[PDB]
Structure formats: C-alpha cells, structure tokens
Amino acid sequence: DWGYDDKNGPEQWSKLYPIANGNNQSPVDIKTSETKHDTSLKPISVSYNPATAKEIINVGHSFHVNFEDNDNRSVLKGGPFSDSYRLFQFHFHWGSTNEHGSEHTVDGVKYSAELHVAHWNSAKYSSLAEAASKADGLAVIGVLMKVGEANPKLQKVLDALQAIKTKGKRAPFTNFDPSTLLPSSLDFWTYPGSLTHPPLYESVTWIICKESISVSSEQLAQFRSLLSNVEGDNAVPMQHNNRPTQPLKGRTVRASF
C-alpha cells in the first residue's frame, strides 16, 4: 500500500488515490504577497480538557496522540468557523534532516517539522468517520516547527515514545492539553484543503499559525528514531513523513492579520 519511500511515496499516491491530483490538495506554499487579509475572520479559540487525552500509537509512518471525542470537552471555535470542532488527535511530520520536514512552507521556506492538531465538525456530523469525507468536516491547526532551542512543552510526548518504538505499539497517554504546544500568538492563515496523506480527502479547513514553535536537533532525532517495522523485524527508522507542497489551483489563502 502507501508510504513515504520511492515506490509507495507521495509521487505514487495518485495511482490508488486520484484525488492526489485534485484542486484542493494540501500542503501548499503560502506566498505572503498573494494572501488576502480577511476582516471577517474571528480569533481562534481553543478550549481543551486534559482529561480527553487517551492514547499514543505507532502507526508505522508516524505516531498519533488520540483524544476521547464523545462530547465537547475539547473544542476549537472562531477563526473562519461558525461550527464548533471537536479535538480528536495531534501528530507531527518531519524530514530526513533539519533542512526540511514541515509540510506547509511559507514563501518557499521549509521548516524542520510541523505539528497538526486535528478536529471534526460535531455541530454538523455525528462521528469522525462521517465528517472525514465532507468538505466542511475537518479542521486542522498546523504549526511550523523551527529548529533551535529544545522545546520543553514536547517533553511528555517525547518521553512516551520509548513505549511505542515499533509499528502497532500503543500506550495510554493521559492528562495532557495540546494547546500548551501552540505558539503564544494565534495569528493565522486559512485555506480549503485536504488530508496530507491517503486517503487525501478534500475535507480540511487549514489553520496555519504565523508564529513558529521551537524544536531542537535532538528532539527531531527522537522522532526519526521511531521504527516503522514491527517488533522483531529489521529496524527501519521513520526518517520522514512530509508531503511536497501542492498547486493552489486558484484557491485563496486568507490571513487573519
């Protein structure tokens, strides 16, 4: 099936997922001279309950931190939305070296990693599964991670990785509020786009923070030292999991600032 290597990677995805060549694909390069300031954009409001943190899982190409999503204890509001969106997961993307690793780029500049905080439209839909294929179904906050000082807010996450080293391993991950990972300013860009890996549904309203957060070279190494193989097999480090930027195809990136 799909991955990030030469044979199964982003350039091959269109063979089973033709939507890969769609008109609302993500990530994109944000050109700041081509952005349109939108006065109707409200501030982003996040209110997450640390009791909704559930589990951390090695999914082979990445790792996920999942949240209980049965009620509105943890929600995203404001920005371009009238609907309340329910938190379900966060995860990261990174690259082979510090030079690249973000999915979104800003004026052609690649960052070292990217944090995704993902939510589903619980005002309109009854489940993640229902919401996932709907144009207004998902909302994902993207935060660009710039290599520099060690980020202490990443500590619980990084400390958890030793228990989920190989594909399929999972462990409880509780009492964590991922708004602690967000930058202090929530000034943002927004555009209509997609999941950045299969099944690549054009169901995401992207909220990309203007301000980066930090990550050290050694914290990035921790991500890359996760293994994509199952326990007992030859070790295959998770070297990278970022998709190349995709054509805007006439979409407008709006700015809240």
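One-based numbering along the sequence shown.
Higher mean CA temperature factor, per the PDB entry, when comparing 141 to 149 with 81 to 89: 81 to 89.
Judged by mean Cα B factor in the deposited record, 155 to 163 ranks above the other of 112 to 120 and 155 to 163. The entry lists C-alpha B-factors for 105, 127, 180, 72, and the highest of these is at 72.
Sorting 208, 195, 28, 46 by the CA temperature factor given in the entry leaves 46 at the top. In the deposited entry, the Cα temperature factor of residue 37 places it in the highest third of its chain's modelled residues.
In the deposited entry, the Cα temperature factor of residue 23 sits in the top third of values across the chain's modelled residues. For residue 242, the recorded CA temperature factor ranks within the lowest third of the chain's modelled residues.
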